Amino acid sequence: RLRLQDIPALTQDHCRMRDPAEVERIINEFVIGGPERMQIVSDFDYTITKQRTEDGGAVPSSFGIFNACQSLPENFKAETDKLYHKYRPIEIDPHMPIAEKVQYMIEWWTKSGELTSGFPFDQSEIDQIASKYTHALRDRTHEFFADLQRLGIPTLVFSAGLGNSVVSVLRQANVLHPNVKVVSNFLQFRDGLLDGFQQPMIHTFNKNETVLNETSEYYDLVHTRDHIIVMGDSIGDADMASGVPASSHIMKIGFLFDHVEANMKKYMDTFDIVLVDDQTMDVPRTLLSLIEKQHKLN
C-alpha cells in the first residue's frame, strides 16, 4: 500500500531506479514481512566509510589502516606498495573477465598474507589508527546500526579487506553491536607472531556464494531471514547475498560516486537503487523506519 511518491528520500534527484515499481513492491514486501524476516549484508570500504568526506580529507581502506602502523618492519610498506601497484590495475580492469581476475587476486592476497608474517603485532596500533576515522563513516551510520540493533536485525559486514581494521573502526565508532557480525580476512597469530591471514581467503571476486552460503557458520543466524538488504559501492558487492537460497526479496543498494556517467548504466542494471554522491545512510534508514512503523502497528 506504500507508494514511492510518498517516500521523500526515494524521490530525491540522486536516487536512481531502473524500475521504481519493483522497488515499491519490494518495500511493501519488506513492511508486510516485518523486521523479524529482515537481514543486512553490507560492504565496508567506501560503503560504511565515506567516498566523499564533508571535509577534503582522505579516508584509507582497512588494509590502508593496517599498513599505516609503526610496529611494522621498515620494508613492509614498500613491499605492500609494490604489490598494490602491481595488482590494483588488474582488479579494476573492465576488459578482463572475472574468471581471469581471480587467479591474480589470489596472487595478491597470497603474497600479502605471506608479507604479513613472522613479526609480532599489537591490536592497539590498529586501534590508534582507526580512532582517527570514526568521524568518516557515512552520516547517520550510528543511527542506522542503532535501528538495526533495536529491531534485532542480523547485520553482516562482508569485506574482502582486513577484518581487524574493519572491526576496530566499527567498535570505536560504537556501532559494533551484538547483532553485527564481520566476515573478512582476519590476521592469524602463531606463537606470538603474525602468520598471514586466517582461511578462507576473501577477495573482491568471491564476496558471494563461494564464501557465504548455507554451509557457512553465519547462515544459522539468518536462515529465517528471507528479506535481504544488500549495500555496496562496487558492482561485485551486488552479489554478496547470492548464497542465501530461500531469500524471497532482495533490495540491492549501490552507492555511485566515481565515474558517475560511465558506470551509471551498469549500476542501474545491477542495483535496484543507485545513490549518486550520497554520503549518508538515510535511504536504508528510511526503509527500516517504514518496516518498524508497520511493526509497531502490529
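All residue numbers are counted from 1 along the displayed sequence.
Taking the PDB entry as given, 98 to 106 carries the higher mean Cα B factor of the two stretches 217 to 225 and 98 to 106.
When 279 to 287 is weighed against 12 to 20, 12 to 20 comes out higher, by mean CA B-factor as recorded in the entry. Each of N164, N206, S71, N179 has a CA temperature factor in the record; the biggest one is found at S71. Within the group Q198, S131, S159, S112, the record's highest C-alpha temperature factor is found at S131. Sort the modelled residues of the chain by CA B factor and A262 lands in the highest third. Compared with the other modelled residues of the chain, the Cα B-factor recorded for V244 ranks in the middle third. When the CA B factors of the chain's modelled residues are split into thirds, the value for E54 lands in the highest one.
Among the modelled residues of the chain, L83 sits in the highest third by CA temperature factor in this PDB entry.
Sort the chain's modelled residues by C-alpha temperature factor and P154 lands in the lowest third, per the entry.
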